[PDB]
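Note sheet for the following structure.
None of the figures in this text is laboratory data; all of them are computed from the coordinates on show. Methodologically, a virtual Cβ is constructed for each residue, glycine included, from the backbone with ideal geometry; neighbour enumeration extends over all protein chains shown.
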Amino acid sequence: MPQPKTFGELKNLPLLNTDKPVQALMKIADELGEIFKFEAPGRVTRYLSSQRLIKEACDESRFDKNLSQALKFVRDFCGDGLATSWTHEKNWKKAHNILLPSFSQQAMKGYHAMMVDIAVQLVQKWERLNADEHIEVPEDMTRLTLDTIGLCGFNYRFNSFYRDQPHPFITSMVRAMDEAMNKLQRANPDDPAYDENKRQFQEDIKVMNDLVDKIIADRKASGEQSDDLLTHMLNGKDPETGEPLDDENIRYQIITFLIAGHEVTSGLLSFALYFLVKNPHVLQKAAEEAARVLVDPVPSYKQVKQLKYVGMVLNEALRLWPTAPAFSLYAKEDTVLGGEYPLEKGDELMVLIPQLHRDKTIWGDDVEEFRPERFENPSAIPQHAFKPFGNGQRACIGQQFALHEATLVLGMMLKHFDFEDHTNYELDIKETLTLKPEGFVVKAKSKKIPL
Ligand code: HEM
Ligand SMILES: O=C(CCCCn1ccnc1)N[C@@H](Cc1ccccc1)C(=O)O
Ligand SMILES: c1ccc2c(c1)CCC2
């Protein structure tokens, strides 16, 4: 099975020593095909890029979520949070059972008001820009998604729209993600040259924890009951174990939720807006839906649900640029992938989601084309062709949350503003552990529809 270029005893790893690893892996997948072996010092994985192989990798009886090395280093501050837990860790299923009810569509009804609060701030920010002033979309979308998660996660207002510099927690979080990412390429981590990087990391860990732990201490001491995630975690009992989440895990979940609602959802929104400004027909179509559906000053939960084409737009953005572009799997037992690639128990797989979503055998040759109409009816989408939210029980618990928020804000965006790609913006995808269109800027001309 094919393997990309090697670097001596570093094997393929230097390939990831790049600003854009996911995009690097995508061009490799284009070159080598539906599967290529990727080796690193003391590490081997197989990057899947075809729906044919990924539908099998997505067989949960055969493959379980693996923690990529990224998630393992993110586990250093997300602990046994849902996303950095192994399926077999008691806390995963515990936290999964406790939180699944907090992430359903019906759960969204409760979060809708808080999402709108933040969404209106975004709209008001843009309403208040001066002529010829532009929007830094990614930046503003991150302000929105991070504040949405804060408010919805634990009634905390990061007030990102009141800031140029991010909240101290977010400075530490983003810094720890960068350390986690950087340390994929670190051969000798204990080298003194990384003393301060590691000290900085422990500073960032100790920072996020104390700040999140206090918020949990604040809530439990005040004894107040909001309708946010944190209430559900303080009061939730895992029906299986019967146990509630202990404080350490709740904190890990909060940190987990804050990261997932940071640049991962923000990315979708930024990619969506990019594609909408690059495809005005799509924009017109989405904006006319937003105008037809969002007939009230502030969107209702039910109106957001009726933003079908906006959801299609989001799905098509998720197709071309899944902002969580990969998830790792391991073979629970000896198995053969596709009848071609024998896998031993424990062998690791990587689902290169952007590449899957470019599977011409599933979507046709125009995979690069942004056409939300691909998602007119989800029944036309084959099993496991579209996995921007992962797979099975380890799929994104926050998918409904992310889509409701993104549809909401996008709907409101299209309702209240005509958008101009005033720079003929050249899509430049910055890669952290998520994808975002770097330097994506637009001008938003208010439609002068009051809020
Ligand atoms: C469009 C935005 C989002 C995308 C594309 C996305 C994508 C994904 C993907 C692919 C996974 C599976 C990861 C894996 O298997 O390793 C996942 C897991 C997860 N996501 Fe999201 N996600 C998004 C938004 C959110 C938000 C807003 C939250 C906030 C709660 C969230 C929370 C989680 C959690 C907790 C997991 C782990 C679930 C589990 O393992 O049980 N995500 N996400
Ligand atoms: O798999 C992950 C973990 C992060 C992306 C997956 N992700 C994000 C949110 N949820 C899941 N990276 C991919 C791509 C990559 C490689 C090196 C450095 C950065 C990114 C890989 O390992 O090849
Ligand atoms: C990479 C980076 C961050 C996160 C994931 C993957 C899933 C949870 C949050």
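How much of the pair distance distribution for the stretch 115-186 lies past 21 Å, counting alpha-carbon pairs only, in percent? Of the Cα pairs, 35 percent sit more than 21 Å apart. In the stretch 350-394, which residues have a backbone nitrogen under 15 Å from the label point lying 7 Å from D30's Cα in the Cα-to-Cβ direction? Under 15 Å, as judged by backbone N against the label point of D30, lie 354-360, 365-370 of the stretch 350-394. Magnitude of the charge dipole for the chain, about its Cα centre and with charges confined to Cβ atoms of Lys, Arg (+1) and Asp, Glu (-1), is about 760 debye.
Calculated translational diffusion coefficient of the stretch 247-388 (20 °C, 1.002 mPa s; Stokes-Einstein with Kirkwood radius over alpha-carbon pairs) equals 122 µm²/s.
When the helices of the chain are scored as -39500 (n - 2.57) per DSSP H run of n ≥ 4 and the total is divided over every residue, the value at 222 nm lands at -15000 deg cm²/dmol. Annotation: extensible slack from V44 through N130 equals 25.7 nm (criterion: 0.36 nm per residue apart, minus Cα-Cα distance). Taking all Cα pairs closer than 8 Å and separated by 6 or more residues, the relative contact order of the chain comes to 25 percent.
Bridging of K448 to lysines at a Cα separation below 18 Å is possible for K125, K415, once same-chain residues fewer than 8 apart are set aside.
Between the stretch 99-156 and the stretch 308-385, the alpha-carbon centres lie 28 Å apart. Taking 18 Å as the straight-line reach from the Cα of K93, the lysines in range (excluding those fewer than 8 positions away in the same chain) are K65, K237, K332. Computed extension length for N97-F7: 28.0 nm, one decimal, from 0.36 nm per residue of separation with the Cα-Cα distance subtracted. Our summary of shape: the Cα atoms of the stretch 12-96 have principal axis extents of 42, 29, 22 Å, ordered from largest down, in whole angstrom. Between the listed residues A395, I449, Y111, the Cα displaced farthest toward the positive end of the dipole of the chain, a dipole computed from Cβ unit charges relative to the Cα centre, is found at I449.
Semi-axes of the equivalent ellipsoid for the stretch 338-451, please: Cα gyration tensor eigenvalues, times 5, square-rooted, ordered largest first, whole Å.
Working: eigenvalues 225, 61, 53 Å².
Result for the stretch 338-451: semi-axes of 34, 17, 16 Å.
Applying 0.36 nm per residue to the separation of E376 and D418 and subtracting their alpha-carbon distance, the gain on full extension is 12.8 nm. Neighbour counting of Cβ atoms within 10 Å sorts the residues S68, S328, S61, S85, fewest neighbours leading, into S61, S68, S328, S85. The 3J(HN,Hα) values that the Karplus relation (6.51, -1.76, 1.60; θ = phi - 60°) gives for the stretch 255-268 are, in residue order, 3, 4, 5, 4, 5, 5, x, 8, 7, 6, 6, 4, x, 3 Hz. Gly and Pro appear as x.
Using alpha carbons only, the radius of gyration of the chain set against its Kirkwood radius gives Rg/Rh = 0.95. Shown in residue order for the stretch 109-123 are the 3J(HN,Hα) couplings computed by the Karplus curve 6.51 cos²θ - 1.76 cosθ + 1.60 at θ = phi - 60°: 3, x, 6, 4, 4, 5, 4, 4, 3, 6, 5, 4, 4, 4, 4 Hz (x for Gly and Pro).
At a Förster radius of 51 Å, what calculated FRET efficiency corresponds to the Cβ-Cβ distance of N188 and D59, to the nearest 0.05? Before the final figure, lay out the partial values.
Working: r = 39 Å, r/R0 = 0.76.
That gives a FRET efficiency of 0.85.
Normalized C-alpha radius of gyration of the stretch 239-313, against 2.2 N^0.38 Å?
On the way: Rg = 18.1 Å, N = 75, 2.2 N^0.38 = 11.3 Å.
Here the answer is 1.59, to two decimals.
Derived scalar couplings between HN and Hα for the stretch 371-387 equal 9, x, 4, 3, 9, 3, 9, x, 5, 7, 9, x, 4, 6, 6, 10, 10 Hz in order, rounded to whole Hz, by the Karplus curve 6.51 cos²θ - 1.76 cosθ + 1.60 (θ = phi - 60°), x for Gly and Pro.
Which FRET efficiency value, to the nearest 0.05, is calculated for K360 and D218 with the Förster distance at 60 angstrom and r the Cβ-Cβ distance? Before the final figure, lay out each step's value.
On the way: r = 52 Å, r/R0 = 0.87.
Efficiency for this residue pair is about 0.70.
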